[PDB]
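A.B. asks: What follows is a single structure, and I will ask about it in a moment.
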2 protein chains.
Amino acid sequence: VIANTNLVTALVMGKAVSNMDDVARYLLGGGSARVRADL
Amino acid sequence: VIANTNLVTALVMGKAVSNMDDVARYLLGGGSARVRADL
């Protein structure tokens with residue numbers, strides 16, 4: 001999803017990377033089901 | 001100075017804006033002296 005860091009870049013620049021939050025917080029200091037399948 | 005929000009843009013994206021702080025704050029909710037002159 002795009003939220004709160006991808007948004008500014010997508011709206012003013014024209015791109016938005018997925019792991020933008022990770023790149024940011026690094027750059028600056030900062031239910032399994034059961035289904036009958038046949039193996 | 002480009003600090004803590006222009007950094008990600010200028011590094012991954014390759015662009016920057018002057019008032020990035022304020023456009024971020026809006027897009028999402030979030031010395032005198034006396035000299036001798038001739039007037």
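Chain labels follow the order of the structure tokens: the first chain is A, the next B, and so on; residue numbering restarts at 1 in every chain, and ligands are counted from 1 in their shown order.
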Produce a table with one row for each residue of chain A that has an atom at most 10 Å from any atom of chain B, each row naming the nearest atom pair and its distance in Å at one decimal; use only C-alpha atoms; arrange rows by chain and rising residue number; format as CSV.

C.D. replies:
residue,atom,partner,partner_atom,distance
A:3,CA,B:28,CA,8.7
A:4,CA,B:28,CA,6.4
A:5,CA,B:24,CA,8.5
A:7,CA,B:27,CA,8.1
A:8,CA,B:24,CA,6.3
A:9,CA,B:9,CA,7.3
A:11,CA,B:27,CA,9.0
A:12,CA,B:17,CA,8.9
A:13,CA,B:15,CA,7.1
A:14,CA,B:13,CA,9.0
A:15,CA,B:13,CA,7.4
A:16,CA,B:13,CA,8.6
A:17,CA,B:12,CA,8.8
A:20,CA,B:8,CA,8.6
A:21,CA,B:8,CA,9.9
A:23,CA,B:8,CA,7.5
A:24,CA,B:8,CA,6.2
A:25,CA,B:4,CA,9.7
A:26,CA,B:8,CA,10.0
A:27,CA,B:8,CA,7.2
A:28,CA,B:4,CA,6.1
A:29,CA,B:4,CA,9.1
A:30,CA,B:4,CA,9.5

A.B. asks: From a backbone DSSP assignment, name each residue in chain A labelled helix (DSSP H, G or I), as a ChimeraX atom specification.

C.D. replies: /A:6-13,20-27

A.B. asks: Keeping C-alpha atoms for every residue in the selection just given, could you write it to a file as a PDB file, in the first residue's frame?

C.D. replies:
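File selection33.pdb, as written:
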ATOM      1  CA  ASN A   6       5.237   6.800  -0.750  1.00  0.00           C
ATOM      2  CA  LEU A   7       2.436   9.361  -1.068  1.00  0.00           C
ATOM      3  CA  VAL A   8       4.544  12.537  -1.057  1.00  0.00           C
ATOM      4  CA  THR A   9       6.954  11.047  -3.585  1.00  0.00           C
ATOM      5  CA  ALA A  10       4.250   9.652  -5.868  1.00  0.00           C
ATOM      6  CA  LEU A  11       2.394  12.971  -5.853  1.00  0.00           C
ATOM      7  CA  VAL A  12       5.261  15.439  -6.311  1.00  0.00           C
ATOM      8  CA  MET A  13       8.087  13.412  -7.919  1.00  0.00           C
ATOM      9  CA  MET A  20      10.035   3.065   1.088  1.00  0.00           C
ATOM     10  CA  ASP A  21       9.585   2.972   4.871  1.00  0.00           C
ATOM     11  CA  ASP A  22      12.543   0.599   5.250  1.00  0.00           C
ATOM     12  CA  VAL A  23      14.778   2.756   3.041  1.00  0.00           C
ATOM     13  CA  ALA A  24      13.742   5.800   5.085  1.00  0.00           C
ATOM     14  CA  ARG A  25      14.179   4.348   8.579  1.00  0.00           C
ATOM     15  CA  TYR A  26      17.562   2.945   7.525  1.00  0.00           C
ATOM     16  CA  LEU A  27      18.904   6.013   5.697  1.00  0.00           C
TER      17      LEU A  27
END

A.B. asks: Please write out chain A, superposed on chain B by least squares over all C-alpha atoms matched in order, as an mmCIF file with N, CA, C and O atoms, in the first residue's frame.

C.D. replies:
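Final output, saved to out.cif:
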data_model
loop_
_atom_site.group_PDB
_atom_site.id
_atom_site.type_symbol
_atom_site.label_atom_id
_atom_site.label_comp_id
_atom_site.auth_asym_id
_atom_site.auth_seq_id
_atom_site.Cartn_x
_atom_site.Cartn_y
_atom_site.Cartn_z
ATOM 1 N N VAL A 1 18.584 23.449 3.624
ATOM 2 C CA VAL A 1 19.370 22.250 3.863
ATOM 3 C C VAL A 1 18.541 21.026 3.504
ATOM 4 O O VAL A 1 17.311 21.079 3.435
ATOM 5 N N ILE A 2 19.235 19.919 3.269
ATOM 6 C CA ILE A 2 18.608 18.649 2.935
ATOM 7 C C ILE A 2 18.675 17.750 4.163
ATOM 8 O O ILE A 2 19.766 17.444 4.658
ATOM 9 N N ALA A 3 17.515 17.326 4.658
ATOM 10 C CA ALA A 3 17.495 16.551 5.894
ATOM 11 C C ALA A 3 16.191 15.779 6.013
ATOM 12 O O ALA A 3 15.113 16.380 6.022
ATOM 13 N N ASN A 4 16.299 14.452 6.048
ATOM 14 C CA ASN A 4 15.334 13.532 6.646
ATOM 15 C C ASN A 4 14.027 13.395 5.875
ATOM 16 O O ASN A 4 13.235 12.488 6.156
ATOM 17 N N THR A 5 13.781 14.263 4.919
ATOM 18 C CA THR A 5 12.766 13.982 3.910
ATOM 19 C C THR A 5 13.262 14.274 2.504
ATOM 20 O O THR A 5 12.917 13.547 1.569
ATOM 21 N N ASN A 6 14.060 15.330 2.335
ATOM 22 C CA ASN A 6 14.699 15.578 1.050
ATOM 23 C C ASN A 6 15.758 14.529 0.753
ATOM 24 O O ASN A 6 16.073 14.277 -0.416
ATOM 25 N N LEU A 7 16.318 13.910 1.794
ATOM 26 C CA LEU A 7 17.430 12.984 1.608
ATOM 27 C C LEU A 7 16.988 11.715 0.892
ATOM 28 O O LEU A 7 17.631 11.283 -0.073
ATOM 29 N N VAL A 8 15.909 11.086 1.367
ATOM 30 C CA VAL A 8 15.441 9.848 0.750
ATOM 31 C C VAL A 8 15.116 10.080 -0.718
ATOM 32 O O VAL A 8 15.474 9.277 -1.589
ATOM 33 N N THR A 9 14.472 11.209 -1.020
ATOM 34 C CA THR A 9 14.059 11.481 -2.388
ATOM 35 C C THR A 9 15.256 11.811 -3.267
ATOM 36 O O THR A 9 15.338 11.349 -4.409
ATOM 37 N N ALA A 10 16.209 12.584 -2.745
ATOM 38 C CA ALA A 10 17.390 12.919 -3.531
ATOM 39 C C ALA A 10 18.248 11.688 -3.787
ATOM 40 O O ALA A 10 18.914 11.595 -4.827
ATOM 41 N N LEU A 11 18.248 10.730 -2.862
ATOM 42 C CA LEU A 11 19.117 9.570 -3.021
ATOM 43 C C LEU A 11 18.486 8.484 -3.885
ATOM 44 O O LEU A 11 19.190 7.834 -4.664
ATOM 45 N N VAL A 12 17.177 8.254 -3.769
ATOM 46 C CA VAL A 12 16.580 7.173 -4.550
ATOM 47 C C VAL A 12 15.913 7.688 -5.824
ATOM 48 O O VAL A 12 16.035 7.067 -6.882
ATOM 49 N N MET A 13 15.208 8.819 -5.768
ATOM 50 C CA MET A 13 14.490 9.313 -6.945
ATOM 51 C C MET A 13 15.402 10.139 -7.848
ATOM 52 O O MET A 13 15.641 9.779 -9.005
ATOM 53 N N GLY A 14 15.922 11.249 -7.330
ATOM 54 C CA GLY A 14 16.782 12.117 -8.110
ATOM 55 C C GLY A 14 16.391 13.581 -8.078
ATOM 56 O O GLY A 14 16.921 14.385 -8.851
ATOM 57 N N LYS A 15 15.459 13.944 -7.197
ATOM 58 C CA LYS A 15 15.085 15.335 -6.985
ATOM 59 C C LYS A 15 14.867 15.555 -5.494
ATOM 60 O O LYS A 15 14.732 14.603 -4.720
ATOM 61 N N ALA A 16 14.837 16.822 -5.096
ATOM 62 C CA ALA A 16 14.575 17.185 -3.705
ATOM 63 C C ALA A 16 14.092 18.624 -3.662
ATOM 64 O O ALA A 16 14.885 19.549 -3.874
ATOM 65 N N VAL A 17 12.817 18.821 -3.350
ATOM 66 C CA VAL A 17 12.219 20.149 -3.286
ATOM 67 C C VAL A 17 12.581 20.783 -1.952
ATOM 68 O O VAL A 17 12.762 20.096 -0.941
ATOM 69 N N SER A 18 12.700 22.115 -1.947
ATOM 70 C CA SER A 18 13.158 22.817 -0.751
ATOM 71 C C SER A 18 12.147 22.698 0.386
ATOM 72 O O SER A 18 12.460 22.174 1.459
ATOM 73 N N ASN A 19 10.924 23.178 0.167
ATOM 74 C CA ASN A 19 9.918 23.108 1.221
ATOM 75 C C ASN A 19 9.268 21.729 1.247
ATOM 76 O O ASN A 19 8.039 21.611 1.248
ATOM 77 N N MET A 20 10.093 20.683 1.284
ATOM 78 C CA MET A 20 9.571 19.320 1.279
ATOM 79 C C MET A 20 8.829 19.010 2.572
ATOM 80 O O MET A 20 7.802 18.321 2.557
ATOM 81 N N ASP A 21 9.337 19.507 3.704
ATOM 82 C CA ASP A 21 8.684 19.253 4.984
ATOM 83 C C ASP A 21 7.281 19.847 5.018
ATOM 84 O O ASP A 21 6.354 19.236 5.562
ATOM 85 N N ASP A 22 7.106 21.043 4.455
ATOM 86 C CA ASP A 22 5.783 21.660 4.421
ATOM 87 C C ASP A 22 4.826 20.843 3.564
ATOM 88 O O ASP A 22 3.689 20.568 3.968
ATOM 89 N N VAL A 23 5.273 20.450 2.368
ATOM 90 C CA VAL A 23 4.446 19.634 1.482
ATOM 91 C C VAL A 23 4.046 18.340 2.176
ATOM 92 O O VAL A 23 2.895 17.900 2.087
ATOM 93 N N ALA A 24 4.984 17.717 2.889
ATOM 94 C CA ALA A 24 4.703 16.492 3.623
ATOM 95 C C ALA A 24 3.665 16.719 4.715
ATOM 96 O O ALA A 24 2.592 16.109 4.693
ATOM 97 N N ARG A 25 3.977 17.593 5.675
ATOM 98 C CA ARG A 25 3.087 17.809 6.811
ATOM 99 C C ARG A 25 1.738 18.393 6.412
ATOM 100 O O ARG A 25 0.811 18.365 7.227
ATOM 101 N N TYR A 26 1.600 18.918 5.192
ATOM 102 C CA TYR A 26 0.282 19.313 4.714
ATOM 103 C C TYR A 26 -0.439 18.165 4.020
ATOM 104 O O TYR A 26 -1.638 17.963 4.244
ATOM 105 N N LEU A 27 0.270 17.415 3.175
ATOM 106 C CA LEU A 27 -0.352 16.345 2.403
ATOM 107 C C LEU A 27 -0.919 15.272 3.323
ATOM 108 O O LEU A 27 -2.131 15.034 3.350
ATOM 109 N N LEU A 28 -0.056 14.618 4.090
ATOM 110 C CA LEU A 28 -0.530 13.842 5.222
ATOM 111 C C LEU A 28 -0.861 14.793 6.364
ATOM 112 O O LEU A 28 -0.301 15.889 6.464
ATOM 113 N N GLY A 29 -1.793 14.371 7.221
ATOM 114 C CA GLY A 29 -2.340 15.276 8.220
ATOM 115 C C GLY A 29 -1.293 15.918 9.110
ATOM 116 O O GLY A 29 -1.422 17.088 9.481
ATOM 117 N N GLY A 30 -0.246 15.178 9.449
ATOM 118 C CA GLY A 30 0.789 15.692 10.325
ATOM 119 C C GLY A 30 0.422 15.550 11.787
ATOM 120 O O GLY A 30 -0.564 14.901 12.126
ATOM 121 N N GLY A 31 17.205 39.302 15.584
ATOM 122 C CA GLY A 31 18.434 40.032 15.828
ATOM 123 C C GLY A 31 18.752 41.045 14.747
ATOM 124 O O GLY A 31 19.638 40.826 13.922
ATOM 125 N N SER A 32 18.023 42.158 14.753
ATOM 126 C CA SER A 32 18.239 43.212 13.773
ATOM 127 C C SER A 32 19.339 44.154 14.241
ATOM 128 O O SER A 32 19.308 44.662 15.366
ATOM 129 N N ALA A 33 20.313 44.385 13.369
ATOM 130 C CA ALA A 33 21.454 45.227 13.695
ATOM 131 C C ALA A 33 21.107 46.692 13.440
ATOM 132 O O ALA A 33 19.954 47.050 13.188
ATOM 133 N N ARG A 34 22.114 47.560 13.512
ATOM 134 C CA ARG A 34 21.955 48.977 13.201
ATOM 135 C C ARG A 34 23.206 49.415 12.455
ATOM 136 O O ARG A 34 24.311 49.351 13.002
ATOM 137 N N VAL A 35 23.035 49.847 11.210
ATOM 138 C CA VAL A 35 24.147 50.216 10.344
ATOM 139 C C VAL A 35 23.881 51.604 9.778
ATOM 140 O O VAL A 35 22.739 51.949 9.461
ATOM 141 N N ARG A 36 24.938 52.404 9.667
ATOM 142 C CA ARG A 36 24.820 53.778 9.189
ATOM 143 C C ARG A 36 24.776 53.767 7.668
ATOM 144 O O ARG A 36 25.809 53.870 7.001
ATOM 145 N N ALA A 37 23.575 53.643 7.110
ATOM 146 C CA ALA A 37 23.348 53.797 5.685
ATOM 147 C C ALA A 37 22.611 55.107 5.447
ATOM 148 O O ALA A 37 22.024 55.689 6.363
ATOM 149 N N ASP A 38 22.635 55.566 4.197
ATOM 150 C CA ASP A 38 22.146 56.896 3.842
ATOM 151 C C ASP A 38 20.961 56.750 2.897
ATOM 152 O O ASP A 38 21.122 56.311 1.753
ATOM 153 N N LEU A 39 19.781 57.131 3.373
ATOM 154 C CA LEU A 39 18.537 56.937 2.648
ATOM 155 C C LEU A 39 18.134 58.194 1.877
ATOM 156 O O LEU A 39 18.733 59.263 2.013
#
